[PDB]
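Report on one structure; see the data block that follows.
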Amino acid sequence: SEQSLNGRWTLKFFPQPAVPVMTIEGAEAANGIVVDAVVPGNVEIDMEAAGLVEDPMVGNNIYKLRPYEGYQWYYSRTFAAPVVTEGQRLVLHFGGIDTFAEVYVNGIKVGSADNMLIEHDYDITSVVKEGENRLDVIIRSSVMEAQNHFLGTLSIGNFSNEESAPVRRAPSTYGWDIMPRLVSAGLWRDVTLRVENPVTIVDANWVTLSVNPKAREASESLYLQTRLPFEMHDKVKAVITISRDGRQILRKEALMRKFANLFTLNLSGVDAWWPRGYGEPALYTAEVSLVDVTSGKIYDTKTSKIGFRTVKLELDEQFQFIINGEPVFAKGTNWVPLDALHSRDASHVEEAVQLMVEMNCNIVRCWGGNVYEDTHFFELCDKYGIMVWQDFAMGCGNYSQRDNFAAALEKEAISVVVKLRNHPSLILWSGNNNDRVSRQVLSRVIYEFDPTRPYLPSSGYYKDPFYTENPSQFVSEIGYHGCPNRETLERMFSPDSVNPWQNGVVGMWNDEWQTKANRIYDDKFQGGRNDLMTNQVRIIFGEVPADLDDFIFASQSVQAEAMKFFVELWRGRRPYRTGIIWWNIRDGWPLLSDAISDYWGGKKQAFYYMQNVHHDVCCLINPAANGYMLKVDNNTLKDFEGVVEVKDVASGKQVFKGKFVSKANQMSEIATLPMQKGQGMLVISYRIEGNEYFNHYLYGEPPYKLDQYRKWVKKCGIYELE
Amino acid sequence: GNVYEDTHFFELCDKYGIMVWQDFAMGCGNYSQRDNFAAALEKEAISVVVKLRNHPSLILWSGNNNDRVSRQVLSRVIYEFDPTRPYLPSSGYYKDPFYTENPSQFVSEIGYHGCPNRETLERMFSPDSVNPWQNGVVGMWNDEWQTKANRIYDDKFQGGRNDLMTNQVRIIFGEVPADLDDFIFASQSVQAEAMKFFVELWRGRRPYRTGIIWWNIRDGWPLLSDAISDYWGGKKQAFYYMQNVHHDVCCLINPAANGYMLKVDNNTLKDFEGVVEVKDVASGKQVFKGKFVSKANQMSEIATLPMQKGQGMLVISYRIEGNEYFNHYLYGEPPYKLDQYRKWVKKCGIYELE
């Protein structure tokens, strides 16, 4: 059984002195404040519930959490230890400790945590009592831990904070241009008590050796590691079961004559796992149990949903992902922190993944500035067919080449790889970077613990040749600023600061708008990152509107047209272009950013534009001095037939009407359209297998008139001005 | 896969002139890349290198394998503690093109199964299990024979490794003999002809071929294996065949659709002169007689012999500096008749059927 230690804990906080508190008698003796804390949680959530801090999402209140970065946090609770039989093991499991802390059980230290991003398991079998036991965790300041290290030259001056270089925490917690500075602390993931038998499963590594999708065959390997007392050798059998919706497909039983074994399962009548568009995300329940051959008692059982899929990164001799022997075109978003207070991430995962399902992304890149997402995130990507590109947790910056950092990074890499290597959605590991970390440490971990996935050591006007003539087949990062919806503006800003213009002077941002750009520290300055919004609006629409609703529509339209153009340009230049990962789909804080949706679920206009150019089959138009090139792109393994009609919005004249055949996994040209005069919009209507789809193309050259573009969008009949 | 031999082993190889290729103790398998295993392997490598680096017979260190162990740890130990020896990070029908058209100048591993002598069978097997056929059914091994294949764990199954003995016999001699003594002679003859052919093929294709290391000479347990001698000293028939094609100067014959190519190979630094005679065993007809000059450390061709009809054996007799030497060549193509091959071996006058 598994007993949960989540719930109400006791939290005592106080400023950290020159000598950090490491013991219990020191934590109880320190003059501090005591509050009721919820675990999993962040300490700022507990303090806001106590009325001690104000909502950091509103105004400049984010800077008011500054003093608590030098505090210590004393967690303490009491649990009932279950009765253990002789030979069993009692494990205390922490899913998330932020970050540097000493763990005590019954006044005895059981471990010292030093990594925010990985789990920490402790054996407390010999230190527990009978009845109620006391658990104590004394966390110290993450910021002050940086001064225990001497930084290398290239670790200073990067965009990532110097405080983030020598420690193993999410880099964006120290502040970024898309995430606030909120280091925080606390037990931000589950804390559980586990009772393990003498015979228990240490790890079950499922690996697809081969997959024959057209034959509905697959060869799956199970690298099983167990704890097996020698008196249990030749007396325990491993029971392997592959099932789908309850129906049993294969059952293999084998006697456990050694603690580690490889079982190869040659399956038939099983479907392959495919990313979105290229097929179904077929998942099968894989269960392994350790059963006594005499009494039949089950000692342990591991269950998960696995997918039969092969992954190969073909480096062009600038790459292309090969899934099940087929070259897929990757279209997706970068994944940023779901929340600055990362204990709330698990409450956003389901709804945020749905943003990618609605977008019809087939790939997602987990940004190295974020924590590693939990298992439930990958379980969702498994069943929705979203491939996962995982960067290791290092941000814009170079890191130490010494042995201490390598050992800490090796311990972290092995932990996260073992935790995630069995998800079919996971397809790539990246160093996000001569470097020991990217070309030796991380590559050596992938070499030993996951040889079946590739490892990569490193990663104005939207029609400007900088974007157009970029020779990369696979773009990994690309984004344009977009002002959030009015409702999100009124919620995060003070009433007198909702309008951005200080004194009404167009272009000069007030202090609260400068905070939500994002200004990491509270320095009073004018301009900076927010000027990107007015600059991009001034280019496309000539002048920056003074009215807020006009400025919202203008800024969201610039982001919408720019983002839609990049996707249509990459999908339209196949088969040379092999993939596009844009930045980004969702904000992790109430902020002014280049994401296409906010922290509160407010979808910007770019989200609807991007959604209509991410379909499995998409009719689009690419620019040409000869006029318009009507194309259709197919990101599936099937051919589709439809009828497409293009008419001019301002005149109502029909420019083209005819049927098309979209060949599988390729771009097909439909027709070349006559060049229209001046500026305007073409509406693209096409029907495929009884379903209506819609797209558009804005012709002409900037500067455009804002009021004219708005009429064209409303008459196009696709997007609401809202 | 073995321990490191002690000093007395290398002292013997020193005085008998046997070069030693030493693999580090890692077996068919990849190993950890972490620091703990590297430190343990480094401590082990330095110890064994310091212990053995002064023996003249020792000529090569091998990793038996991007790998830290083979391309960093072990190579770094050789770099510092023994820079005067090289370090290498890594290593059916016997006339099938898989063996014949193998382009490697130096073969490191090659072997064929051979049933041990009757005396070794009766010693390691229970009396009712000495005969391999369970219920007399030819091909089905009893449990004790399945154990000595070798079955690592006591799983009751049929077939597996032991089927290699009957398969190789069925190829060369058409059918598997039911009589034990016939099966012993058939299995040992298949191993003997296959092993002798590989050595004669590599020695006969010099100077392109540079060396051959066959597997293996002795068993380390009472077992059914591809070694040419058992744990109790029982020499299989392949040992005597191999011995006659390992001489410093060896007259041998390599196959050709044109017939037979009588060659002589020299693994010395001296030239030798002799007289060689080849006659057919079944007919007694003399096929060739004449003198030869074997140039040092090279293969020299003597003559091309006329192609004989059907199947048979040629006996090769040659005298060098007052010493008689003997070899043979089996011509024709399988399947052969077991009783006919046995007569040819007995009349060849070299190997005893025992």
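Heavy-atom basis, side chains included; hydrogens, waters and symmetry copies ignored. Here is how names work: the chains are called A, B, and so on, in the same order as the sequence lines, proteins then strands, and each is numbered from 1.
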Problem set entry | Interface moiety of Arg68(B) toward chain A, non-hydrogen atoms closer than 4.5 Å | side chain
Seminar exercise, completed: Applying a strict 4.5 Å limit to non-hydrogen atoms, the region of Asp67(B) in contact with chain A is both
Problem set entry | Donor + acceptor pair across side chains of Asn148(A), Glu145(A) (<3.5 Å) |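 Present: a donor and an acceptor within the cut-off.
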Exercise. Would the number of heavy atoms belonging to other residues, nucleotides or ligands and lying under 6.0 Å from CZ of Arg257(A) be above 12?
Worked result: yes
Exercise. Should the pair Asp203(A)-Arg421(A) be classified as a salt bridge under the 4.0 Å nitrogen-to-oxygen rule?
Worked result: yes
For this session: Evaluate side-chain contact (heavy atoms from CB on, under 4.5 Å) for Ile242(A) paired with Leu267(A), printing each intermediate quantity in order.
Result: CA-CA 9 Å; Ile242(A) 305 300; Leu267(A) 296 134; 4.0 Å; yes
Exercise. What part of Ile414(A) lies closer than 4.5 angstrom to a heavy atom of chain B: side chain, backbone, both or neither?
Worked result: side chain
